[PDB]
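Here's the structure, in structure tokens; my notes come after.
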Amino acid sequence: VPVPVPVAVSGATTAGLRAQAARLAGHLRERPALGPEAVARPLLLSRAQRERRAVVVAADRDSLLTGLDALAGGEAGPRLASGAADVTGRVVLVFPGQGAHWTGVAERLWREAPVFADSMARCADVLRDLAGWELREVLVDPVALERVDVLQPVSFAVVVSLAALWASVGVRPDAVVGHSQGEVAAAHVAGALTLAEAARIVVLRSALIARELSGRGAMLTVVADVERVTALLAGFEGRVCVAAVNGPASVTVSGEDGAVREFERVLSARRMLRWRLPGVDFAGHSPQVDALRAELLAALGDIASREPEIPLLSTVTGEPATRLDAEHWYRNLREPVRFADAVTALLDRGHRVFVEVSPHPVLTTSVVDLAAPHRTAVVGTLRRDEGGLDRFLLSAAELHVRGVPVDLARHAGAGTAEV
């Protein structure tokens, strides 16, 4: 099975970029034995990376030529990234909470990417001790993944391991922000928690949620701002509450299933878009969590933590995190998620590159909405049903083509074929 490589071309203008794509395709068609793996390395390392950039992520000739023909003709393609190399500024890793995971994700990437494999195995060791079960076996089990005590730690392992894979291509955070359970991953990646201690938090908290809350609630994300959602929650006081404010067009609410169903009818009649969070059968960030305060504080006990080595913008407060003690991890579940606030605080401090470290992008459109009108690069990592190294490399390419430093050459192979 051939391995995908990023094949880079660039020009001073869009028309120059398209001409370079045509020229490379022509050169390849004259030389039938020449593969992407022969030319990728010198195209990154021996050529200037100019103002208008593209990458085709391809494992074979035919797929490279398909991409290059599309690029030459000004069309989009599924393994083609292109852009203006005009983004400067500091880098944020964004860690999702619920609703991004898809059954089967991480298995293919474990096979294809040794840095990701390693991190996943390290996660498996810690989770084996804590939870008993075997991480790699659960990845592909749709029944196990509908249990909150399995999904949350699996989700944590995958996002932590994707962050490690980003780091291996030189994409490291200047700051991190984690939405809901993502805050635990963010804290670990920032150096405030060991892998073991972060895993223990997620494992203990998710098991408690499953024992006490699962089956007693639901969560719903709505395409609207919090002012509008708050107006529509008139008459739902203490039945459906705001659980997250993600952006000007993304707000999540939480409550008992029936009550949330009643609110969906309110939305439906007004032609408003909304969806239940996949993997969530409980009312996060609601008064239902109050009961899970005493047992959580006891189970967690004293948290082993230290000062984060880079800024951690909490979605509990919307500000730089203070003490990450048991009470913080309680409030991480009880209090509404202040995601928009945290992202806005980073935008106001010169952050312009946002990498969602997720199986599928769930917060990128909110980051984009918040970032306007600044020049910013906003990317995810994987997508639903696209868990290969090829999808990872396309996300890395999406950064490259906006002028963000990333070591694509790490995965470009050992080719020496010129021009």
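Chain labels A, B, ... are given in the sequence in which chains occur in the structure tokens; within each chain residues are numbered consecutively from 1, and ligands are likewise numbered from 1 in the order shown.
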>> Could you list, as number ranges by chain, every residue within 7 Å of range 179-191 of chain A, counting only C-alpha atoms and ignoring same-chain residues fewer than 4 positions away?
In response: A: 95-97, 156, 160, 195, 198, 308-310, 312, 314-315, 332-333, 337, 339
> Can you list, as a VMD selection string, every protein, DNA or RNA residue that comes within 12 Å of range 121-134 of chain A when you count only C-alpha atoms, leaving out same-chain residues fewer than 6 positions away?
Replying inline: chain A and resid 106 to 107 110 to 111 114 to 115 140 to 141 144 149 to 162 164 185 194 to 207
Could you take the residues named above and write them with C-alpha atoms, as a PDB file, in the first residue's frame?
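Result file is result-v9.pdb:
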```pdb
ATOM      1  CA  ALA A 106      -7.877   6.365  15.381  1.00  0.00           C
ATOM      2  CA  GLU A 107      -7.564   2.744  14.264  1.00  0.00           C
ATOM      3  CA  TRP A 110      -2.569   3.960  14.646  1.00  0.00           C
ATOM      4  CA  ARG A 111      -1.576   1.743  11.698  1.00  0.00           C
ATOM      5  CA  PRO A 114       4.111   5.854  14.356  1.00  0.00           C
ATOM      6  CA  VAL A 115       4.095   8.970  16.527  1.00  0.00           C
ATOM      7  CA  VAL A 140     -14.101   0.154  16.749  1.00  0.00           C
ATOM      8  CA  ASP A 141     -16.935  -0.915  19.086  1.00  0.00           C
ATOM      9  CA  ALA A 144     -18.955   0.491  23.959  1.00  0.00           C
ATOM     10  CA  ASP A 149     -17.387   6.080  30.733  1.00  0.00           C
ATOM     11  CA  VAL A 150     -15.745   4.502  27.638  1.00  0.00           C
ATOM     12  CA  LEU A 151     -16.244   7.363  25.109  1.00  0.00           C
ATOM     13  CA  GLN A 152     -14.809  10.152  27.224  1.00  0.00           C
ATOM     14  CA  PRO A 153     -11.488   8.502  28.015  1.00  0.00           C
ATOM     15  CA  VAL A 154     -11.204   7.156  24.444  1.00  0.00           C
ATOM     16  CA  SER A 155     -11.919  10.669  23.140  1.00  0.00           C
ATOM     17  CA  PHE A 156      -9.279  12.082  25.486  1.00  0.00           C
ATOM     18  CA  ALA A 157      -6.686   9.535  24.292  1.00  0.00           C
ATOM     19  CA  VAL A 158      -7.342  10.321  20.632  1.00  0.00           C
ATOM     20  CA  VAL A 159      -7.060  14.138  21.004  1.00  0.00           C
ATOM     21  CA  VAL A 160      -3.950  13.962  23.163  1.00  0.00           C
ATOM     22  CA  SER A 161      -2.402  11.629  20.591  1.00  0.00           C
ATOM     23  CA  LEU A 162      -3.372  13.900  17.693  1.00  0.00           C
ATOM     24  CA  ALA A 164       1.501  14.621  19.741  1.00  0.00           C
ATOM     25  CA  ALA A 185      -6.577  17.273  27.479  1.00  0.00           C
ATOM     26  CA  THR A 194       0.769  14.232  33.621  1.00  0.00           C
ATOM     27  CA  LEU A 195      -0.869  11.835  31.194  1.00  0.00           C
ATOM     28  CA  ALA A 196      -1.752   9.556  34.134  1.00  0.00           C
ATOM     29  CA  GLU A 197      -3.331  12.299  36.233  1.00  0.00           C
ATOM     30  CA  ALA A 198      -5.326  13.746  33.322  1.00  0.00           C
ATOM     31  CA  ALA A 199      -6.559  10.268  32.381  1.00  0.00           C
ATOM     32  CA  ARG A 200      -7.576   9.672  36.001  1.00  0.00           C
ATOM     33  CA  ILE A 201      -9.690  12.823  36.027  1.00  0.00           C
ATOM     34  CA  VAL A 202     -11.508  11.907  32.812  1.00  0.00           C
ATOM     35  CA  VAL A 203     -11.939   8.229  33.791  1.00  0.00           C
ATOM     36  CA  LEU A 204     -13.312   9.025  37.313  1.00  0.00           C
ATOM     37  CA  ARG A 205     -15.533  11.872  36.170  1.00  0.00           C
ATOM     38  CA  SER A 206     -16.966  10.087  33.154  1.00  0.00           C
ATOM     39  CA  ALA A 207     -17.711   6.938  35.185  1.00  0.00           C
TER      40      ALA A 207
END
```
>> As an exercise, work out the distance from CA of residue 250 in chain A to CA of residue 227 in chain A in Å and give it to one decimal place.
In response: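 CA of residue 250 in chain A sits 11.3 Å away from CA of residue 227 in chain A.
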> Of the candidates A:80, A:70, A:260, A:316, which one gets nearest to residue 393 in chain A if we count only C-alpha atoms?
Replying inline: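 For residue 393 in chain A, the nearest of the given residues is A:80.
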> Which residues, written as a PyMOL selection string, have at least one atom at most 12 Å from residue 63 in chain A, with only C-alpha atoms counted and residues fewer than 3 positions away on the same chain left out?
Replying inline: chain A and resi 2+4-7+25+35-36+56-60+66-70+77-80+390
